[PDB]
Each structure stands twice: as C-alpha cells, then as structure tokens.
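# Survey of secondary and tertiary structure
Spelled out, the chains give:
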Amino acid sequence: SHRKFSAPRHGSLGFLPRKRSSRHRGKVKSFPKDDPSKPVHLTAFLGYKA
Amino acid sequence: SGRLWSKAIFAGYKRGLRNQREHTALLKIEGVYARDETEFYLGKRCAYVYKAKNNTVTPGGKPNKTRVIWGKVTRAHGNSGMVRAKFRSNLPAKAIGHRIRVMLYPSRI
Amino acid sequence: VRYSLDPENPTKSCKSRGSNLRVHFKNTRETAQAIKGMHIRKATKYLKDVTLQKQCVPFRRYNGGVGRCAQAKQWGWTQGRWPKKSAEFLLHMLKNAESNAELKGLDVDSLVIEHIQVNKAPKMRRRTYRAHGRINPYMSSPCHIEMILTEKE
Amino acid sequence: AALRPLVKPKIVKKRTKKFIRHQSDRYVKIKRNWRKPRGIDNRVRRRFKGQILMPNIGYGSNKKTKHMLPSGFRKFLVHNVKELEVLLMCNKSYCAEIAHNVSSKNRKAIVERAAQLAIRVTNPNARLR
Amino acid sequence: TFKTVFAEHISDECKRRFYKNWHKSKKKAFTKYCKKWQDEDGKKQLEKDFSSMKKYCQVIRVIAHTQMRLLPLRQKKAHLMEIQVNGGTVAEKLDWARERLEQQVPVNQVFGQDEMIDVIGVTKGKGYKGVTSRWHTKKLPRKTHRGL
Amino acid sequence: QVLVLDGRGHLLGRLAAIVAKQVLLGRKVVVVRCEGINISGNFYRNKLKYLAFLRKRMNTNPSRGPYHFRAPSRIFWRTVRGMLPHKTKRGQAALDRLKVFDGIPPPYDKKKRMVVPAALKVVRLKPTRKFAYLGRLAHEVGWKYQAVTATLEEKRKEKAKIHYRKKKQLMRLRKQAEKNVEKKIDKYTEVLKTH
RNA sequence: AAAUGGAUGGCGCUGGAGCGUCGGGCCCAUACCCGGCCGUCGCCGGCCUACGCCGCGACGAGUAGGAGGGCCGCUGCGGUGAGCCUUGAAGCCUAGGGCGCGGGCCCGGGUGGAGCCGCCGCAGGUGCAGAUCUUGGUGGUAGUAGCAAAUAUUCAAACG
RNA sequence: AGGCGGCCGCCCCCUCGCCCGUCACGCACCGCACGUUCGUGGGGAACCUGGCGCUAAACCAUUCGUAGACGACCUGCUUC
Ligand SMILES: [Mg+2]
Ligand SMILES: [Mg+2]
Ligand SMILES: [Mg+2]
Ligand SMILES: [Mg+2]
Ligand SMILES: [Mg+2]
Ligand SMILES: [Mg+2]
Ligand SMILES: [Mg+2]
Ligand SMILES: [Mg+2]
Ligand SMILES: [Mg+2]
Ligand SMILES: [Mg+2]
Ligand SMILES: [Mg+2]
Ligand SMILES: [Mg+2]
Ligand SMILES: [Mg+2]
Ligand SMILES: [Mg+2]
Ligand SMILES: [Mg+2]
Ligand SMILES: [Mg+2]
Ligand SMILES: [Mg+2]
Ligand SMILES: [Mg+2]
Ligand SMILES: [Mg+2]
Ligand SMILES: [Mg+2]
Ligand SMILES: [Mg+2]
Ligand SMILES: [Mg+2]
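This text gives an overview of the structure that appears in the document.

## Topic: the overall build of chain B
Along chain B, the regular secondary structure elements total zero helices and six strands. For chain B, the succession of helices and strands along the chain, N to C, is β-β-β-β-β-β. Compactness check: chain B gives a C-alpha radius of gyration of 14 Å against a globular reference of 13 Å for 109 residues, within 12% of the reference. Projected onto its principal axes, the C-alpha coordinates of chain B cover approximately 45 × 40 × 20 Å.

## Some points on the protein's contact with RNA strand G
In the vicinity of RNA strand G, 89 residues are found, and the nearest of them are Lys-120 and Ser-141 of chain C, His-100 and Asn-101 of chain D together with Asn-59 of chain F. Each atom of RNA strand G within 4 Å of the protein was assigned to sugar, phosphate or base; sugar and phosphate come to 74%. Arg-84 of chain B places a polar side-chain atom, nitrogen or oxygen, 2.6 Å from a phosphate oxygen of RNA strand G. Every element with two or more residues in the surface near RNA strand G is listed here: β1 (5-15) of chain B, α1 (25-35) of chain C, β1 (74-78), β2 (94-98) and α3 (104-117) of chain D together with α1 (12-23), α2 (43-55) and α6 (121-124) of chain F. Tallied by class, residues from the surface near RNA strand G come to 25 nonpolar, 31 polar and 33 charged.

## Overview of the pairing of strand β2 (residues 28-31) of chain F
Residues and elements named next belong to chain F. Here four bridges tie strand β1 (residues 2-5) to β2, and the two strands are oriented parallel to one another. Counted as the bridge partner of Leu-3 is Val-29 from β2. Bridge count for β2 against strand β4 (residues 99-100) is two bridges, and the pairing is parallel. In the sheet register, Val-30 faces β4, and the bridge partner there is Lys-99.

## Some remarks on the arrangement of the chains
The top pair by number of contacts, from a total of three pairs of chains in contact, is chains A and E. A gap remains between chain A and chain C, with no contact made and the closest C-alpha atoms lying 18 Å from each other.

## Quick notes on the interface of chain B and chain F
Chain B puts six residues into the contact, and the matching count from chain F is five residues. When the two sides are added together, the surface that chain B and chain F hide from each other amounts to roughly 510 Å², 56% of it contributed by carbon and sulfur. Considering only the surface of chain B that becomes buried against chain F, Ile-9, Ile-96 and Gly-97 of chain B emerge as the three largest contributors, covering 60% of it. Connecting chain B to chain F are zero salt bridges. Seen at the junction of chain B and chain F, the total is one residue pair in polar contact.

## Comments concerning helix α2 (residues 40-51) of chain C
Residue and element names in this part refer to chain C. End to end, α2 covers 16 Å across 12 residues, agreeing with the expected 16 Å (1.5 Å per residue, within 8%). By the burial criterion, the buried members of α2 are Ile-40, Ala-43, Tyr-46, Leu-47, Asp-49, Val-50 and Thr-51. The secondary structure elements touched by the buried residues of α2 are α1, α3 (84-104), β2 (111-120) and β5 (143-151). Phi turns positive, to about 60°, at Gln-53, one or two residues after α2.

## A short note on the protein's contact with RNA strand H
Around RNA strand H lies a shell of 44 residues, among which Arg-20 of chain A, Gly-2 of chain B, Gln-74 of chain C together with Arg-17 and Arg-74 of chain E are the nearest. Each atom of RNA strand H within 4 Å of the protein was assigned to sugar, phosphate or base; sugar and phosphate come to 72%. Between RNA strand H and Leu-4 of chain B there is a distance of 3.4 Å, counted from a base oxygen to a backbone nitrogen or oxygen. For the surface near RNA strand H, the secondary-structure elements that each account for two or more residues are β4 (66-77) and β6 (99-103) of chain B, α1 (12-18) of chain E together with α5 (106-110) of chain F. Residues belonging to the surface near RNA strand H are distributed by class as follows: 13 nonpolar, 13 polar and 18 charged.

## Considering the interface of chain E and chain A
At the junction of the two partners, chain E supplies 33 residues and chain A supplies 26 residues. Taking both partners together, chain E and chain A bury about 2800 Å²; carbon and sulfur atoms supply 65% of that area. Three residues stand out in chain E for area buried against chain A, namely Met-81, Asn-86 and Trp-135 of chain E, and they jointly supply 25% of the buried area on that side. Here chain E and chain A share zero salt bridges between them.

## Concerning empty space enclosed by the protein
Unfilled space is identified by rolling a water-sized probe across the atoms. All names here are of chain F. Throughout the structure, instances matching the rule amount to one cavity of 30 Å³ or more. Put simply, the largest cavity is a space of about 30 Å³. Around the largest cavity, the lining residues are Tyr-50, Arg-70, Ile-75, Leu-134, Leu-137, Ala-138 and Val-141. Considering every element that reaches the lining of the largest cavity, the biggest residue donor is helix α7 (residues 134-140), with three residues. Among the residues forming the lining of the largest cavity, the class breakdown is six nonpolar, no polar and one charged.

## Quick notes on the side chain of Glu-13 of chain E
Residues and elements named next belong to chain E. Following the sequence through the fold, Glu-13 ends up in helix α1. Despite its burial, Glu-13 pairs with no opposite charge, the nearest such side chain being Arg-69 at 4.3 Å. Other than its neighbours up to four places away in sequence, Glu-13 contacts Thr-66, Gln-67, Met-68, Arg-69, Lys-76, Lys-77 and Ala-78.

## Comments concerning the sheet that holds β5 of chain C
Residue and element names in this part refer to chain C. With antiparallel pairing, three strands are arranged side by side in an open sheet as β1-β5-β2. Looking at strand neighbours, the two that pair on one side only are β1 (13-21) and β2, the edges of this open sheet. Averaged over all pairs of adjacent strands, the angle between their axes in this sheet comes to 15°, without regard to strand direction. Pairing analysis gives nine bridges linking β2 to β5, with the strands arranged antiparallel.

## Thoughts on a positive patch on the surface
Residues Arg-18 and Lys-49 of chain A together with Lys-124, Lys-126, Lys-129 and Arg-134 of chain E make up a contiguous surface patch of positive charge. Position of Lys-126 of chain E relative to the elements: it lies in the loop between α5 (107-110) and α6 (131-134).

## Side note on the sheet that holds β2 of chain F
Backbone-to-backbone hydrogen bonds pair the strands of a sheet. The strands run either parallel or antiparallel. Residues and elements named next belong to chain F. In spatial order, the strands read β1-β2-β4; together these three strands make up an open sheet with parallel pairing. In this open sheet, the two strands that pair with only one neighbour each are β1 and β4. Lying over the sheet, α1 contacts β1 and β2, oriented at roughly 155° with respect to β2.

Reading the values: rules and limits
Residues numbered from 1 in each chain as written, not as in the entry; some residues may be left out. Chains lettered and ligands numbered in written order. Part of a larger assembly, values for the part shown. Heavy atoms only, no water. Helix = DSSP H or I, 4+ residues; strand = E, 2+ residues; numbered from the N terminus. Rg over C-alpha atoms; globule rule 2.2 N^0.38 Å. Near = heavy atom within 4 Å. Polar contact = N/O pair within 3.5 Å; in protein donor to acceptor, adjacent residues only side chain to side chain. Nonpolar A, V, L, I, M, F, W, Y, C, P; charged D, E, K, R; others polar. Pairing = 2+ DSSP bridges. Contact = heavy atoms within 4.5 Å. Buried area = accessible area lost by both parts, 1.4 Å probe. Salt bridge = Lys/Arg side-chain N within 4 Å of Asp/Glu carboxyl O. Expected span 1.5 Å × (residues − 1). Buried < 20%, exposed > 50% of the residue type's maximum accessible area, 1.4 Å probe, protein only. 1 Å grid on protein atoms, 1.4 Å probe; cavity = no way out; pocket = protein on both sides within 12 Å on 5 of 7 lines; lining within 4 Å. Points joined across faces, edges and corners; volume = space filled by probe spheres on them. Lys, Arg positive; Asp, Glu negative; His and termini not counted. Axes fitted to C-alpha atoms, helices over the stretch in contact; angles between N-to-C directions. Patch = residues over 30% accessible without salt bridge, like charges linked within 9 Å, V, L, I, M, F, W, Y side chains within 5 Å. Areas by Shrake-Rupley, 256 points an atom, 1.4 Å probe, with all protein chains shown as cover. Charge placed at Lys NZ, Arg CZ, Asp CG, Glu CD.

Written as structure tokens, this is what we have:
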C-alpha cells in the first residue's frame with residue numbers, strides 16, 4: 001500500500017446508477033416551493049434544441 | 001348452542017435450547033396466567049381441529065372435511081401458567097401459533 | 001414398433017417417425033416444444049414463417065449463450081433462434097403424418113399434434129486437429145423423432 | 001375371519017425405518033444397504049446429533065413378537081405337498097408361503113391342500129387364470 | 001394523486017400520445033369521457049369533483065402538451081407535462097386552471113428575458129463505450145499486453 | 001383478534017418484547033402512533049448510535065446488503081425483525097401478521113387503542129432520567145414527514161374532541177335517565193349481586 | 001489511537017434486561033430413580049433340538065488392534081429334497097405386502113425364454129466408495145469458444 | 001389506507017320485536033368425539049333464465065434515428 005502519489009478520483013459517485021432512462025422526456029424531480037404571496041404562474045415548459 | 005371449550009394456543013414442543021421432544025406439547029391457555037391458576041385444568045382433554053379434502057369423520061350426522069388429533073392435559077408448566085399435553089398422535093408442527101380446543105370433561109367439577 | 005403416450009384410440013389418430021437424421025438435437029427439441037399443442041395448418045404456417053425468419057422458435061431449456069430477438073415476445077420469452085434445417089425436417093415429417101392420416105382415412109382438416117417426442121440417436125464421430133498434435137472428437141448429435149396426432153372434437 | 005390364530009399381542013418393532021446408509025442420497029453408486037463406516041472423521045461413527053442413527057443391539061424386537069407377520073402367524077415357505085403337510089401340527093401359529101418358481105398347475109393343488117388342512121397361505125389368489 | 005380531471009376537446013396529437021400504433025388503433029379514446037362532458041347529469045358529477053379538489057389538495061399540477069403541427073419534426077406526438085402551479089390559494093389556482101382549460105400558454109406569458117431558468121433533459125447516446133471514454137481514466141502505455 | 005396498541009409513552013425494547021411475544025401466538029397486533037415511542041438515555045447518544053447504525057454498510061455495494069430505514073414505524077418493524085426468527089417461516093409469518101403505522105390510519109381513528117402498562121415510560125423509568133422521542137430522532141435523521149403527520153394528528157385530535165363532546169353529552173343524558181325513577185326493582189337484585 | 005461495515009450472540013435495555021449480596025419457584029442431558037424390550041457376563045434349574053428349554057441379578061461408549069457368532073452373501077464339489085418348473089428357471093424393473101437390529105431375504109405385479117435352489121459337509125481367483133485406480137460409456141461446460149495469415153467477387157442461362 | 005352510520009316523508013305489515021307467572025307440545029335418536037360461528041368463507045372452469053350495456057388494445061412485420069453488440073428506446077402509415 002501507501003500509494004505514494006495520491007490522485008483525485010475519476011468520475012462521481014453521485015451519478016453512478018447509469019441507465020437508459022425509461023422516460024425519454026426529461027421529467028421534473030422537484031418543482032420550486034409555493035407561497036400565497038406570489039401571483040399565479042407556471043414553472044416548466046417544453047422545448048426542442050434547434 | 002354456544003361454545004363449550006376453553007381457548008388455548010399451541011406454543012411449541014417440550015424442548016431445551018437445541019433439541020426438541022415432540023411427545024409433549026406446550027399450550028398457552030387463555031385466562032390462566034399463574035401457577036396457582038393452572039390447577040383446575042389438570043386432567044382436561046384437548047382437541048386440534050384441522051381440515052383435509054378427504055372424508056374421515058365422526059358419526060355426528062353428516063360427513064364433512066374435519067379431522068381431529070385427540071389428546072389430553074398432562075401437567076402444568078412454568079410460573080406463567082402453561083399447560084403440557086401429550087396427544088395420541090404427535091403434532092404436525094403447522095399448528096404453531098394456532099388454536100387447540102380444551103373441552104371441560106373429565107375434570108373434577 | 002411402440003410409441004410413448006399411446007393415444008385414446010388408434011381410429012382417430014395417425015403416427016409418424018424419423019430415425020437417424022442429421023440435425024442438432026437441441027434445436028429439434030426446442031422446435032418440437034414450439035410445435036406441440038397446435039393445429040396442423042397453424043404448425044405448417046409457423047414452420048414456413050420459421051424458414052422465412054418471420055416468426056421465431058424460443059429456446060427455453062437449451063438456452064445457453066443464445067442471442068435475443070424481438071420475435072420471442074409472442075411466447076413470453078426473451079431468447080430465440082430460427083432453425084432452418086430443423087424446420088425443414090419437421091415439416092417433412094408433418095407432411096408424412098398428413099399422408100399417413102390420408103391413408104388411414106381421417107378428417108384431415110382437423111388434426112392437432114397431441115404427442116411429440118425427440119431423443120438422442122447414435123452419433124457419428126470425426127476428429128479435429130487442435131494444438132500440440134492432439135486429437136479431439138468432433139461428434140454429431142442426430143435424433144429420433146416420433147409424433148402422434150389426434151383429431152379435434 | 002379366515003383362521004383366527006392364537007393370542008398375539010400388540011407387535012412393536014421399536015423403530016420401523018430399516019436404516020439408510022450414509023451418503024447414499026448423494027451417490028447413486030451406493031446401494032441403500034447398511035454398511036458400518038470406519039472412517040476417522042465421520043460424523044456417523046462419531047454419533048453426532050442430527051445425523052443418521054447406526055443400527056445396534058438396542059433395536060432388537062421382543063422374542064414373543066419376533067419374525068411376526070401383522071396377521072399373527074410366522075411364515076414358512078413351501079414348494080410341494082410334503083412341505084405343505086409338514087405344517088399339519090402347527091397350523092395355528094405357522095403359515096405357508098408358496099415359492100415363486102411354483103407353477104399354477106401345482107400351485108392350485110397346494111392351495112387346495114392348504115384349504116383342506118386349514119393352513120394359512122400368504123398368497124392364496126396369485127398367479128391364477 | 002387525488003383524481004385527474006381532463007378537458008373536453010382532447011387533440012389528435014394527445015390521442016397519438018395515448019396510443020402506440022395509431023394506424024392499428026380505431027381512434028376510440030375518451031368517447032365516454034366526452035359523453036360525460038355532454039350529459040347534463042354528468043356535469044354535476046364533474047363539478048363536484050372540483051369541490052373536493054378545493055378542499056383536500058395543496059399541490060395542483062396542470063397537464064399541458066405541445067402542438068406538433070407547428071414544428072418541422074416528424075414525431076407528431078404531443079408530450080404531456082404536469083406543471084405545478086406555485087401561485088396563491090388552492091381555490092384561485094383551481095379557478096385559474098378551469099378558466100384556462102383548452103387554451104395556449106406562450107413563453108412570453110410566464111417566462112421573461114434575463115430570467116435564470118434551468119434546463120432538464122436527456123444526454124446524447126454514445127453507445128456501449130469503454131472505460132477511458134466513459135470515466136476518462138488514464139490509458140495504459142504501449143508495452144501493455146491485453147489492453148491499453 | 002386485532003390488538004391496536006398506543007405508542008404514546010411506551011418504550012422501544014419493552015414494547016418490542018411484548019409485541020414479538022404476542023405475535024408468535026397468532027394475535028394480530030398493530031402498533032399505532034409509532035412516532036411517540038420513547039427511548040431511554042440521552043438524545044445525543046440515541047442519534048449517535050443511530051449514526052453508527054447508518055455507518056454500518058456494505059462497501060462493495062450498499063444496495064445489495066444493509067438497508068437503513070428512517071421512518072419510525074419501519075424502525076420499530078426492524079426492532080421486531082431483530083427479535084423474531086425472520087429467516088424461518090415462523091417469524092416470517094409473524095412479521096406478515098405484524099402491521100405498523102406512523103400517525104393513525106382512518107380505521108384506527110375509529111377503533112379503540114390499547115395501552116400496555118408494562119412498557120410505559122412512567123412505569124419502567126425513573127422520572128429524573130433522560131429520554132428521547134423516536135419521531136424526533138426520525139425527523140432529525142432522514143424521515144422528512146413530521147410536518148404532515150403532526151398536521152393530520154392535530155386534525156384527528158380535533159375529530160376526537162368533537163366526538164368526545166357528543167359522547168359525554170350522551171353519557172350525561174343516560175345518567176339523567178339513571179337518576180330518574182322506576183328502575184330500582186332490578187337494582188334490588190343487582191346491588192346485592194354486584195352492581 | 002488503525003486501517004472493508006460489526007458485534008455482552010443480535011435485538012435492545014436505565015423503578016434494570018447493569019452492578020454486588022441473597023430468598024422462593026420454574027426449564028432440561030444419552031446424568032439419577034422406576035418400568036417395558038434386545039444382547040453379554042455370572043450364578044443356577046429340568047432325564048426337553050441337551051449345540052434346546054427356562055429363572056434371577058448386574059451391566060452395554062470407543063480409533064489402532066484381538067477374538068466369538070452369522071438360518072448374511074458369491075462361485076464350484078460330494079451326499080441329500082420321489083425339490084422347482086416352457087401352465088415359464090436364471091436375469092432386470094417396481095408409488096406392492098412383509099421379515100430380521102443389521103449383513104440381506106421371501107412373496108405379488110411387468111419383460112425374458114432354459115436352466116436354478118434349500119440343508120449338511122468341502123475348496124476358493126469369494127463382497128468395493130475412493131488408490132492423479134485399469135477398461136468402456138455418458139453429463140455440466142454447450143449449441144459456448146471457434147470455422148479471421150495471403151485485396152473479391154457480381155449478373156444471366158443450363159443439367160438437376 | 002374511506003362504505004358503514006344519522007335525519008326527514010311514505011311503504012307489505014307487526015301492538016307475543018324484551019323481562020314475571022299458567023298450559024301443552026315439537027326425535028325423548030335410549031352414556032359418549034369433529035356440535036353450534038362474522039359463510040348468501042377466498043379465488044379458478046362451465047350450466048339455464050331477467051334487465052341495463054360494451055363493440056378494443058398490445059406484440060410481431062415494415063419504417064425511422066433523437067437509439068442501438070443482440071434485445072431494448074423515440075417515431076410514420078388517410079387517400080387529402
Ligand atoms: Mg421526488
Ligand atoms: Mg450462464
Ligand atoms: Mg451469447
Ligand atoms: Mg485446428
Ligand atoms: Mg479424529
Ligand atoms: Mg451512435
Ligand atoms: Mg509483452
Ligand atoms: Mg453493541
Ligand atoms: Mg441482579
Ligand atoms: Mg462396545
Ligand atoms: Mg441362501
Ligand atoms: Mg480377488
Ligand atoms: Mg475359481
Ligand atoms: Mg465402482
Ligand atoms: Mg474405503
Ligand atoms: Mg482417476
Ligand atoms: Mg464430455
Ligand atoms: Mg458463436
Ligand atoms: Mg462469445
Ligand atoms: Mg485458415
Ligand atoms: Mg431456371
Ligand atoms: Mg429443372
């Protein structure tokens with residue numbers, strides 16, 4: 001052991017369950033919070049990368 | 001009309017920690033929770049009622065799907081008021097956590 | 001000769017057999033299991049679809065290393081393969097069973113395949129030429145095939 | 001209701017398993033007959049709990065209930081008329097049993113002579129037309 | 001999900017979204033649901049569903065889709081979206097949604113210029129690639145038998 | 001049949017012992033209000049032990065291996081799992097018979113809840129010793145559902161008040177009826193034979 | 001203060017399910033006592049196979065090893081059963097019935113078609129789970145690896 | 001994690017819907033067990049009848065590339 005040259009690790013553990021997503025439209029995991037002081041509006045639309 | 005048998009739950013066999021003895025069975029009988037309370041039930045007769053799809057029945061009128069292994073109370077067990085019982089045939093071990101009737105005959109009322 | 005699983009009666013039943021025929025035993029077992037339990041015209045159209053690669057044969061038991069196909073979803077299975085030579089031989093023996101039913105005088109439009117059976121024949125050995133001057137066997141696997149058909153009522 | 005032999009008690013055998021040989025389940029080259037293992041590490045010879053039981057002298061049945069059929073007789077095999085007629089004196093405890101190589105033509109005469117002499121036969125209605 | 005209340009006139013692009021094979025499908029979706037819209041007794045069983053919606057829910061999401069006829073694409077299927085209305089009280093959010101059923105929502109109505117708005121999507125397909133292209137690890141040198 | 005147990009003011013190990021003993025006999029027991037089950041000791045010690053329990057995990061694959069629930073109902077269900085023989089079809093059937101809930105479900109709003117005296121904080125613990133709340137521990141580590149469960153709990157407490165006022169009104173009416181006359185002829189029998 | 005995540009066995013436990021002193025009950029081992037059965041040994045009974053039949057009492061574990069018994073088994077030999085049978089012998093199979101503690105055995109049912117067994121003595125090339133055991137056959141691997149050194153084939157017709 | 005309960009107006013009717021007293025019977029199956037239960041128990045295949053209704057969707061094939069080792073994923077198909 002005692003690797004003698006410590007290197008920063010490749011990749012990220014937070015992106016590890018890598019998979020073809022069963023959805024193809026990217027769904028929203030979390031919408032922003034609400035409060036009765038703000039007026040009525042929407043949050044998310046659809047688009048196409050032209 | 002009306003139930004004539006007291007309720008008891010088959011708890012397990014007479015055992016140590018490792019090995020068992022299937023000739024004597026243990027009954028947690030309801031109402032009794034004391035060594036002085038498991039005295040009236042000494043000498044009662046028990047009955048495990050179960051079902052099967054063939055037809056081996058009593059002469060009580062009509063044939064049905066009911067089978068019973070008979071037996072009776074031998075002695076008391078523990079300070080919690082448990083009841084030992086030696087049945088005529090040994091237990092199928094499916095009866096754990098199930099109910100065995102304790103009928104109020106030959107005891108000394 | 002004798003057959004396993006003799007029918008209810010030999011009047012409404014025909015029979016056929018092939019013996020010592022150069023195929024793969026596993027492929028013929030799987031196409032026999034795909035055939036069994038089906039009307040004879042549906043089995044004939046099914047084997048024509050196997051030879052034309054439009055409908056597959058699922059590999060259920062002898063399924064080692066066999067690649068998948070989209071056509072196996074009719075069978076509730078994932079793997080599949082299209083045995084041309086096994087389909088040709090079993091279609092030839094279905095034609096033989098059809099001709100034997102015509103000889104026995106049955107209503108030839110309403111036959112189902114009640115019994116089919118496939119078992120390993122005596123195989124023939126050749127040799128390979130592997131490394132270091134060693135000789136290893138190169139053995140066949142032919143099969144005996146029996147089928148008992150029955151009228152549908 | 002055939003011959004009704006003498007006073008025969010409740011016949012017990014003290015176990016009725018005809019003990020299996022160790023690892024006869026794992027290998028089908030091993031016949032199911034018992035054979036005493038003489039290994040230096042074997043759990044059966046060491047008599048661990050939960051393992052199989054070795055047949056020893058303790059499983060001996062009672063001498064009153066030894067070699068006893070469940071009908072209440074003791075079997076004795078017979079080939080012909082003389083070996084059937086030797087059972088004329090002890091027919092109420094010792095029953096007859098016709099050999100397997102006896103043909104039907106002599107077998108019917110043997111069972112007829114047994115019915116005349118009131119000797120129990122274990123196979124009365126076998127190998128008949 | 002308490003209950004989902006759809007609109008009356010559902011477009012053919014949404015019907016193509018609900019079906020898989022639009023050719024083999026007989027186009028039979030929402031016939032009884034439009035009959036429930038048309039019937040007078042069905043309206044009282046439908047306006048009562050909003051009365052329970054005013055009482056028990058706090059998160060109300062509005063389903064919207066895209067018009068594929070205005071696009072140069074070839075998919076012709078409208079993608080459905082639940083959009084959480086983060087407005088005021090449940091009563092006026094429900095009144096807003098029932099007022100703006102079967103209507104168009106432009107981007108200039110909700111969004112605006114210089115608004116920092118995040119993008120969620122799906123990455124490219126690069127296929128079943130190797131380790132030095134996936135995790136960007138360091139390659140082995142030239143002398144390495146069995147893989148670099 | 002069913003044994004609907006309170007969890008307000010009970011101890012984890014004592015209640016788990018009594019539930020795990022009474023579930024092997026066949027009595028279908030359900031522990032409700034699991035967020036109020038007290039744990040003896042210091043709260044920093046309890047969350048330190050639970051943090052060590054979170055630290056215990058498989059290093060090669062954390063999914064295939066140790067699961068660590070954060071909800072207090074599943075905490076108590078793991079506590080009863082660790083006491084029943086769950087690797088055999090006696091404790092597995094006992095865990096199938098056992099049901100656990102956080103908050104109170106709507107059938108258990110109506111059905112009466114039992115209180116075990118052998119597992120109570122006041123019966124088992126000295127009153128000058130520290131304690132903790134399992135719902136507080138669960139909200140501090142993982143279980144993000146205290147604000148919904150407490151709101152629904154206040155709602156069912158208001159329902160329980162508006163039912164108890166009607167029940168107490170009916171009890172006052174039936175005791176006015178008992179205060180009224182011409183019922184004492186049977187009471188001459190009943191007071192002698194145990195009114 | 002130590003390296004994978006982890007151990008009063010774990011769960012857990014604080015008016016104890018911790019600590020030290022103790023009381024009464026309760027649970028069981030192949031240990032003890034009584035009783036039923038087998039075997040060994042000792043003492044003994046009878047003028048009922050005397051190598052058989054009973055009676056009493058105490059004891060039974062065990063590798064290496066040593067004895068006694070086997071109405072356990074295989075092959076062949078001489079006496080012996082007025083033995084068995086082509087109306088079915090040996091062999092083989094069997095969710096059939098049974099015996100002996102066990103070696104094994106007897107009967108029933110299904111193929112088979114010409115030899116076989118019991119008792120008493122005699123003689124063995126006489127019992128297999130192993131030996132990188134010898135010969136022969138067959139599985140998992142497995143319809144897997146592999147049909148890739150040397151630039152390349154394509155259309156139509158013909159016998160079939 | 002909801003389905004039973006409460007009120008109002010009528011309906012085919014019941015004043016023995018319950019305790020106290022009198023009367024006479026119903027199997028009194030002659031000593032015997034598994035008997036009486038929430039059961040019009042759970043789900044599966046069919047048989048004949050009343051009313052109200054229902055008239056499809058996946059998979060293969062083909063195409064497509066925003067995807068692909070093979071599967072898998074996103075797609076088109078009307079006669080305007
Ligand atoms: Mg989320
Ligand atoms: Mg594999
Ligand atoms: Mg493969
Ligand atoms: Mg080669
Ligand atoms: Mg040793
Ligand atoms: Mg690509
Ligand atoms: Mg090299
Ligand atoms: Mg610990
Ligand atoms: Mg103590
Ligand atoms: Mg010894
Ligand atoms: Mg012999
Ligand atoms: Mg030799
Ligand atoms: Mg020799
Ligand atoms: Mg061998
Ligand atoms: Mg050996
Ligand atoms: Mg070898
Ligand atoms: Mg091989
Ligand atoms: Mg290949
Ligand atoms: Mg490969
Ligand atoms: Mg080459
Ligand atoms: Mg041509
Ligand atoms: Mg030609």
